[PDB]
Amino acid sequence: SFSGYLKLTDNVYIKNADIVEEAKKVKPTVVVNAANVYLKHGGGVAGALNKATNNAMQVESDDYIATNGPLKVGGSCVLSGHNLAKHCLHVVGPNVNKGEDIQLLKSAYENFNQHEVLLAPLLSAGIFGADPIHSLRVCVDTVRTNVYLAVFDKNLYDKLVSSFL
């Protein structure tokens, strides 16, 4: 199972870890990808999860987009987890660097409630430009299912834990 996670609340846990390495080790039922609406997995968590699948996530995602069109900001889709997980829940948090509404971050986290347990990154954090402290607060106040947060950045992990109310 998951190991080395600090318990933040009844259902939210956090670890300073690369989500790709956590997924390879744990092979959870659901790994969350920090996706964009086009499922173009170029960088950050998406690029790293996709690279770990040898681009199979991108091929599957391109077929999904060709059939269904883009996701909404705040939306999600369930696709294969390939070699990393049973499923990948691709969730689109707002990208603040694109002027996307930060209120959609709560909508994005609501997608996690459809899954009993998830391995996930902090939505809209990192290259998406939102305040990770705010993202963790929205996570804890929105997600009711068991979420194991993998925070790649060590200094950010320390700051998130020490400032947690």
Side-chain angles (χ1 to χ4, degrees), residues 2 4-23 26 28-50 52 57 61 70-79 81 84-85 87-165:
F2 295 94
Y5 286 75
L6 177 69
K7 185 169 178 61
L8 294 183
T9 71
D10 173 57
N11 65 296
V12 179
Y13 294 82
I14 195 169
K15 187 181 181 180
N16 179 22
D18 184 343
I19 196 175
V20 175
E21 297 300 314
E22 285 294 303
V26 177
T29 306
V30 179
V31 64
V32 172
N33 179 29
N36 55 55
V37 299
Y38 308 107
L39 304 180
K40 287 299 190 192
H41 311 307
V45 166
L49 289 174
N50 179 56
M57 176 178 285
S61 293
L71 280 65
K72 289 168 185 184
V73 175
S76 72
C77 67
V78 178
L79 289 177
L84 302 174
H87 297 304
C88 178
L89 179 68
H90 294 273
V91 181
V92 184
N95 190 319
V96 166
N97 298 322
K98 296 178 190 166
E100 299 171 352
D101 183 8
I102 197 59
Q103 295 197 25
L104 297 169
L105 184 54
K106 189 172 183 73
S107 301
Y109 276 116
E110 287 171 342
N111 292 285
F112 288 26
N113 291 323
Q114 301 292 318
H115 299 281
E116 290 201 337
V117 59
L118 313 93
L119 167 60
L122 279 171
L123 298 182
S124 296
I127 67 176
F128 282 62
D131 181 358
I133 292 173
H134 175 61
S135 184
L136 178 57
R137 184 55 57 193
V138 177
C139 180
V140 300
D141 292 344
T142 306
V143 184
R144 295 178 302 284
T145 57
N146 297 326
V147 61
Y148 288 82
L149 295 169
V151 173
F152 183 70
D153 194 275
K154 180 199 178 284
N155 294 313
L156 175 58
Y157 175 83
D158 292 345
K159 181 175 168 53
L160 287 166
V161 170
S162 66
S163 64
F164 189 74
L165 244 166

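Basis for what follows: all heavy atoms, side chains included, without hydrogens, waters or symmetry-related copies. One-based numbering along the sequence shown.
- Judged as a salt bridge (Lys or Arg N to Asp or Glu O under 4.0 Å), not a single pair has a partner in residues 126-137 (not counting sequence neighbours).
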CA sep, side-chain torsions, deciding dist, call: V143, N11, side chain to side chain contact (heavy atoms under 4.5 Å, CB included):
CA-CA 8 Å; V143 184; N11 65 296; 4.2 Å; yes
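- The closest side-chain heavy-atom distance from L79 to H90 is below 4.5 Å.
- One distance of note links CG of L119 with OH of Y13; it measures 14.5 Å at 0.5 Å rounding.
- Under the ring pair (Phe, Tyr, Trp, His ring centres under 6.0 Å) criterion, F152 pairs with no residue at all, not counting sequence neighbours.
- For residues 143-152, the set of pairs meeting the side-chain hydrogen bond (donor to acceptor under 3.5 Å, both in side chains) definition, not counting sequence neighbours, is empty.
- The side chain to side chain donor-acceptor pair (under 3.5 Å) search around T142 returns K106, not counting sequence neighbours.
- The minimum heavy-atom distance between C77 and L39, with the atom names listed, is SG-CD1, 3.9 Å.
- The two residues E22 and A150 make their nearest non-hydrogen contact at CG-CB, 4.4 Å.
- Annotation: side chain to side chain contact (heavy atoms under 4.5 Å, CB included) contacts of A120 (sequence neighbours excluded): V32, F112, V147, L149.
- Closest heavy-atom contact between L84 and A52: CD2-CB, 3.9 Å.
- With sequence neighbours excluded, the residues satisfying side chain to side chain donor-acceptor pair (under 3.5 Å) with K40 are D62.
- Nearest heavy-atom pair, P132 versus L156, reported as atom, atom and distance to 0.1 Å: CG-CD1, 3.3 Å.
- By the side chain to side chain contact (heavy atoms under 4.5 Å, CB included) test, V73 pairs with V37, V92, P94, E100, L104, sequence neighbours left out.
- Atom CG of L136 and atom OG1 of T9 lie 9.0 Å apart (nearest 0.5 Å).
- Between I102 and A130, the shortest heavy-atom distance links the atoms CD1-CB, 3.7 Å.
- When the side chain to side chain donor-acceptor pair (under 3.5 Å) test is applied to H41, the partners found at least two apart in sequence or on another chain are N33, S61.
- At a threshold of 4.5 Å between non-hydrogen side-chain atoms, the residues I14 and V151 count as touching.
- Applying the side-chain hydrogen bond (donor to acceptor under 3.5 Å, both in side chains) definition to pairs two or more places apart or across chains, those involving residues 109-126 are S76-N111, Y109-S135.
- Note: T29 OG1 to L118 CG = 9.0 Å, rounded to the nearest 0.5 Å.
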Please set out all donor-acceptor pairs under 3.5 angstrom arising from side-chain atoms of residues 157-165, sequence neighbours excluded.
from	atom 1	to	atom 2	distance (Å)
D158	OD2	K154	NZ	2.7
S162	OG	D158	O	3.0
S162	OG	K159	O	3.4
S163	OG	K159	O	2.7

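- The line from CG of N36 to CG of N95 is 8.5 Å long, rounded to the nearest 0.5 Å.
- Contact record, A108 with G93: CB-CA, 3.9 Å, taken as the closest heavy-atom pair.
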